[PDB]
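A.B. asks: Requesting a structural model of the entry that follows:
(chains A, B, C, D, E, F, G, H and I, ligands or ions: 15)
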Amino acid sequence: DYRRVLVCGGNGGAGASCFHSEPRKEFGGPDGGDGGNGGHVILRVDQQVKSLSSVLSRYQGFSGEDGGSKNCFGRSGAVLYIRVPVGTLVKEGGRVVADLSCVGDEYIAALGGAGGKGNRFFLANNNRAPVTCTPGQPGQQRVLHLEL
Amino acid sequence: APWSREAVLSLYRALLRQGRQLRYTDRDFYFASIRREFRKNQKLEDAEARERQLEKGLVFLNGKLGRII
Amino acid sequence: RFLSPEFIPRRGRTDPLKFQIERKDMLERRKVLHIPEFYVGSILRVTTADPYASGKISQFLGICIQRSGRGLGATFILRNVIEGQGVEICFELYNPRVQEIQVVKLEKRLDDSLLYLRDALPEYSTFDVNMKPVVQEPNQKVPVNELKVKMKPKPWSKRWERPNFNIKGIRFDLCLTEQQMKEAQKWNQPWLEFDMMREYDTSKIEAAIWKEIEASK
Amino acid sequence: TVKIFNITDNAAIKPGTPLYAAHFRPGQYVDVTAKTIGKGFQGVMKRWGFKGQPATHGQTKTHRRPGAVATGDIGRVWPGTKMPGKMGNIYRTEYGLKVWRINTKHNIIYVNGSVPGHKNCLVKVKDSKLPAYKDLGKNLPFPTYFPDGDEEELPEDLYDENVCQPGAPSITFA
Amino acid sequence: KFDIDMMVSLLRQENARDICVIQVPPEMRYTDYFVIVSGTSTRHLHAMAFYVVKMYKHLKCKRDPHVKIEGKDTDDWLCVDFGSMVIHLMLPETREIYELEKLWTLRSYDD
Amino acid sequence: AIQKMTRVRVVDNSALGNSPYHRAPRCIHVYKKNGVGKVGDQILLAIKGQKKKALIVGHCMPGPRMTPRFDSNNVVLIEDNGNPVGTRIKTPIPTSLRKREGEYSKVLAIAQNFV
Amino acid sequence: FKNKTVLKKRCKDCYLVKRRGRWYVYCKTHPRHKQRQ
RNA sequence: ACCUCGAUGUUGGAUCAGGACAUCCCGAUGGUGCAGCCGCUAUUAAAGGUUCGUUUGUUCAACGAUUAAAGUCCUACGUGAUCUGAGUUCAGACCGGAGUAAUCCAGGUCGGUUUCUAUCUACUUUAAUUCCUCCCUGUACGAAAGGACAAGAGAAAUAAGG
RNA sequence: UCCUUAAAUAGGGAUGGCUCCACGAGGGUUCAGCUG
Ligand SMILES: [Mg+2]
Ligand SMILES: [Mg+2]
Ligand SMILES: [Mg+2]
Ligand SMILES: [Mg+2]
Ligand SMILES: [Mg+2]
Ligand SMILES: [Mg+2]
Ligand SMILES: [Mg+2]
Ligand SMILES: [Mg+2]
Ligand SMILES: [Mg+2]
Ligand SMILES: [Mg+2]
Ligand SMILES: [Mg+2]
Ligand SMILES: [Mg+2]
Ligand SMILES: [Mg+2]
Ligand SMILES: [Mg+2]
Ligand SMILES: [Zn+2]
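C.D. replies: Numbering: from 1, shown residues only, chains lettered A, B, ... in the order given. Ligands and ions are numbered 1, 2, ... in the order given. Dropping the coordinates below:
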């Protein structure tokens, strides 16, 4: 009938900033792996679902793992799906941000923050030893109201 | 064009006769199916397809390959 | 006197009593189901009850392309093509659910195994499903069909041209070059026909089996 | 071969008494123990079904060899590690094999499935110990079958109910 | 007993929108009776299929093994295979696009 | 035994099966715990650059006695729900499909010939 | 039960009992209050 | 910067895996914003299991298809006198850049010898699990849509032993 | 961004500089076949 839901998209992992060193190559270069993206929160329409009792009032999109050493990347946050009845108006502040009437329809409520880059990403001929590691972008956190 | 002009009509008559004693199936649906089969197709075939059509109709009439009960 | 192959046992250390018991069971089943004489290459129609269906009988007609196994478990695999789809079925002779075996066309082929019919043309495996059975004279040696089949392109299920197969029913001249034949001859193994210790003499075994069959009668 | 059977005092039998295949009956479940086929010293791949190593792509003299036998820390090999050695020729038991038929004339038991050991090998046969077959001995000859008793001369062949006896009309699944 | 008479009676009682029956010859190794029925919607199809399955389960034939219900996930075509008969529930569009009638009356004389 | 990457013959009336394409259909996945497909087992199939479910209805690998061994690995296209994509099957279909676990009534109904 | 190092009664009906070696806060009206040391 | 620079390159992969539980699945329970199904959360449980492919040395990651699950780790970032050398490491040569040049490079690329016959220790034959289908039963629960346990039966798959 | 695969960190295409005809145990990609 009507449910106030707090969807919080995942947070991208912060890239690492390390450097390689191996027996016969001491200055082996950057190993900062990039962080995984945050898992988006997507309201997928469900025909079986007929009321908004199922949907919770607090959804936290999974956050991506931080980048590791050895150029290891971070597992991106998995997509969180909110099954909703067919014909569900989604409104932020009386905005009707979505209608979600058709079967198979889906609206991305809170996009998971993108993952942060590692130093090896900035590695280049000009930059032979980057120290930068962009922090993982924060995930969206908004309050969406669902009306049948 | 067909095997004979009266062969098709006699076959339709025999099919309707066999549908007269129809017991389990929907008689109206059976008649509608026969009408569809003999109207949607039997207007403008080539002289060759008539033989195959009447042969298959005759086999259906015979029913040794499955009959409608 | 045609002794069915399954009766003659493959040599081994297994006790003769096991063969005696198996032959007793096989003969006692034959007393119910008449297993006619037939050879690899002869066309057979087998009627068997379907267990998947409600006992509805099923008939399969095809050329027997191999006779394998011994004892109660003996099988014969026969082949055909239905709507252009090659199908082979391995029928167990003594399965209690084969209602009947009919030798539609009794004949012998140049080879004791026609597995190469898989690679031969489909015509040599096609056989009319409703073909009527032919009649052979009561006192007459089984006809030997000297047909030599034509083979499709060289990629085959097996290297039929190799000597070890000892195929005689294939027109190798048509599909294989003389160079290919000479290369295949590299596996000749001429001594294999002259090593006398490799030969399995079954005269006494056949005589004993015939005595057992006559006693059963 | 002489084998020992654990019995209750109820089933004691005077030494010297013969035993016959009819001591069992069709439909019973039995256990058969015997020395498996001896395969001699066998490599790890055949003995324990190890994957081995690839045939090509550089593998030098390692196609059927064991990999790392243990970790480096322990500085030893754990007891019971799977290593190449003699396979088979040991006593193994198959449990819960159904008795499909008994030929009394030749004293033959038809036991479902495979049994350990080669042909003409001596097998020790006893009533199944599985819990499902705990108390199925009500109808079996308790001490043993005594032909000398001659209560009813058994037929030549005793068949289980579902067995397609030879000589019966070809089965139709009607 | 549970036979094609029971089939037709139950189906008519639940008011199948259209019914048809084929006497499959014994030489065809499938079954004896091929029933094809059309229904209003997937809900009606499922309802009538469950009803007939319940009647089969409740009536008789304890020794007869239980019976599947195929096509539950699909909405336009269900089918129940009994020991001697097979029923195919569907919608008008599925029936007219699959033409099981011609297939099972004219075995090798159709497209 | 239809594994991954096997080239399979689409024995069906479906447009996907009967349409020419530079790449023959290949098994993409065998819906079985062990990736070995026998008669009645479902598989994924790459037809015309598309993923489609299909059903095994015969294979070259020998099976148990009394069952037919076909010359080519035949397969029938089935939608995700289970409805066969095609409306007719020409080559013989083994009768053993009836008693196997799983839904096969639709396929048997579509089939013309049994073996 | 929620594992707590310090056990606190939340409502009036919560009661402390030392069972099987450790303290528990049991509650009938609000079984949500179940706590284990 | 404490042992090893008086022949151990290193990362991945193959093989075999031993171990911890801070449990991914399967088992038993408490709570729930637990009607049921899905779930979330916490206690207990390490017997068993924990997939295959495309790109790329790549571990990781992305993507495709699955699974009951595709767990986090330690084991000389386990294991190279069991294997591989794909990146990386010497001699050769290019692109970009620095340098007057010789040359150089945490950059990109093409190529590039992986020995050992085992003396000692150790070791070398020690009651299964899960998925699916049916029944219960489209029953409990629910207004409906949906949809259960437990128990039973059938099918398989893997693992062990033949 | 498009093609190639189901999936594509691979491959292909949107005075000097262009221009691959031929050739290459050069380095990548690939159809089909082939095969332990
Ligand atoms: Mg082959
Ligand atoms: Mg190998
Ligand atoms: Mg080698
Ligand atoms: Mg494509
Ligand atoms: Mg100091
Ligand atoms: Mg724990
Ligand atoms: Mg460490
Ligand atoms: Mg290298
Ligand atoms: Mg470099
Ligand atoms: Mg290189
Ligand atoms: Mg080179
Ligand atoms: Mg070495
Ligand atoms: Mg050595
Ligand atoms: Mg490649
Ligand atoms: Zn309280």
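A.B. asks: Can you give me every residue that contacts the residue nearest to residue F:81 when sequence neighbours are not counted?
C.D. replies: The shortest distance from residue F:81 to any non-neighbouring residue, by Cβ to Cβ, 6 or more residues apart in numbering or on different chains, is to residue E:74 (3.7 Å). C-betas here are computed from N, CA, C, even on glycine. By Cβ atoms under 8 Å, 6 or more residues apart in numbering or on different chains, the contact set of residue E:74 is F:79, F:81, F:82, F:83.
A.B. asks: one more time with 10 Å
C.D. replies: E:42, E:45, E:90, E:94, F:79, F:80, F:81, F:82, F:83, F:103, F:106 (Cβ atoms under 10 Å, 6 or more residues apart in numbering or on different chains).
A.B. asks: Contacts only, for residue 144.
C.D. replies: Because you didn't say which chain, this covers chain A. Per Cβ under 10 Å, 6+ apart, neighbours of residue A:144: A:3-7, A:41, A:43, A:55, A:59, A:82, A:90-92, A:95, A:97-98, A:107, A:109-110.
A.B. asks: not what I meant, chain C
C.D. replies: Here residue C:144 is in contact with C:39, C:41, C:107, C:108, C:109, C:110 (Cβ under 10 Å, 6+ apart).
A.B. asks: how about TSV for these, with neighbour count added?
C.D. replies: Written out in TSV, the entries for those read as follows (neighbours: other Cβ atoms under 10 Å in any protein chain shown):
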residue	neighbour count
C:39	18
C:41	26
C:107	19
C:108	17
C:109	23
C:110	16
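A.B. asks: just those residues now: which is nearest chain F?
C.D. replies: Here the nearest of the contacts of residue C:144 to chain F, counting by Cβ to the nearest Cβ, is residue C:41; it sits at 18.5 Å.
A.B. asks: does that closest one really touch residue C:109, like I thought?
C.D. replies: Yes. Under the contact definition of Cβ atoms under 10 Å, residue C:41 touches residue C:109, with a separation of 3.0 Å.
A.B. asks: can you pull out the strands in the chain?
C.D. replies: No chain in the question, so chain A it is. A:2-8, A:19-22, A:25-30, A:41-46, A:58-60, A:80-85, A:89-91, A:106-110, A:141-147 (DSSP state E).
A.B. asks: try again with chain B
C.D. replies: Taking DSSP E to define them, one finds strands in chain B at B:67-68.
A.B. asks: Strands along chain E, start to end?
C.D. replies: Across chain E, reading from the start of the chain, the strands by DSSP E fall at E:18-23, E:33-38, E:77-81, E:85-90.
A.B. asks: can you pull the contacts of residue B:52?
C.D. replies: So, once contact is read as Cβ under 10 Å, 6+ apart, residue B:52 ends up touching B:45, E:109.
A.B. asks: what's the neighbour count on residue F:35?
C.D. replies: Other residues lying near residue F:35 total 14 when counted by other Cβ atoms under 10 Å in any protein chain shown.
A.B. asks: Leaving aside the residues adjacent along the chain, what's closest to it?
C.D. replies: Leaving aside its chain neighbours, residue F:35 sits nearest to residue F:3 (5.6 Å; criterion: Cβ to Cβ, 6+ apart).
A.B. asks: I'd say that neighbour and residue F:36 touch.
C.D. replies: Yes. Under the criterion of Cβ under 10 Å, residue F:3 lies in contact with residue F:36, with a separation of 6.3 Å.
A.B. asks: residues shared between the contacts of these two?
C.D. replies: residue F:30.
A.B. asks: Close to chain C: what parts of chain A are there?
C.D. replies: Remark: no part of chain A is in contact with chain C, using Cβ under 10 Å from any Cβ of the partner chain.
A.B. asks: got it, and chain B?
C.D. replies: Residues of chain B lying near chain C (Cβ under 10 Å from any Cβ): none found.
A.B. asks: center of chain B - which residue?
C.D. replies: residue B:57 (4.6 Å; Cα atoms, centre = their mean).
A.B. asks: Could you check how far the closest residue to that residue other than its chain neighbours is from residue B:50?
C.D. replies: Taking Cβ to Cβ, 6+ apart, and ignoring the residues beside it in sequence, residue B:57 has residue B:11 as its nearest neighbour in space, at 5.2 Å. When distance is defined by Cβ to Cβ, to the nearest Å, residue B:11 is 12 Å away from residue B:50.
A.B. asks: any common contacting residues for the two?
C.D. replies: If you check residue B:11 and residue B:50 against Cβ under 10 Å, 6+ apart, the residues they both contact are B:2, B:3.
A.B. asks: pull the CA atoms of the helix of greatest length in chain E into PDB?
C.D. replies: As assigned by DSSP state H, the longest helix anywhere in chain E is helix E:42-59. C-alpha atoms of helix E:42-59 as PDB (Å, rounded to 0.1, in the frame of the first residue of the first chain):
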ATOM      1  CA  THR E  42      -3.500 -19.700 -17.400                       C
ATOM      2  CA  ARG E  43      -5.300 -19.500 -14.000                       C
ATOM      3  CA  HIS E  44      -8.200 -21.600 -15.400                       C
ATOM      4  CA  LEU E  45      -5.800 -24.100 -16.900                       C
ATOM      5  CA  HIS E  46      -3.900 -24.600 -13.600                       C
ATOM      6  CA  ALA E  47      -7.200 -24.900 -11.700                       C
ATOM      7  CA  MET E  48      -8.700 -27.600 -13.900                       C
ATOM      8  CA  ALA E  49      -5.400 -29.400 -14.200                       C
ATOM      9  CA  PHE E  50      -5.100 -29.500 -10.400                       C
ATOM     10  CA  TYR E  51      -8.700 -30.600 -10.100                       C
ATOM     11  CA  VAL E  52      -8.300 -33.500 -12.500                       C
ATOM     12  CA  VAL E  53      -5.000 -34.500 -10.800                       C
ATOM     13  CA  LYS E  54      -6.700 -34.500  -7.400                       C
ATOM     14  CA  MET E  55      -9.500 -36.700  -8.800                       C
ATOM     15  CA  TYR E  56      -6.900 -39.100 -10.200                       C
ATOM     16  CA  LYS E  57      -5.100 -39.200  -6.900                       C
ATOM     17  CA  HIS E  58      -8.200 -39.600  -4.800                       C
ATOM     18  CA  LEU E  59     -10.300 -42.000  -6.900                       C
END
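A.B. asks: does chain F sit close to that helix?
C.D. replies: No. Using Cβ under 10 Å from any Cβ, helix E:42-59 stays clear of chain F, coming no nearer than 11.0 Å.
A.B. asks: Also compute the angle for that helix relative to strand E:33-38, please.
C.D. replies: Computed by axes from the mean of the first three to the mean of the last three Cα atoms, to 10 degrees, the angle separating helix E:42-59 from strand E:33-38 equals 150 degrees.
A.B. asks: Smallest gap between chain F and chain B, at which residue?
C.D. replies: Across chain F, the shortest distance to chain B (Cβ to the nearest Cβ) belongs to residue F:112, at 11.0 Å.
A.B. asks: gap between that residue and chain C?
C.D. replies: 8 Å (Cβ to the nearest Cβ, to the nearest Å).
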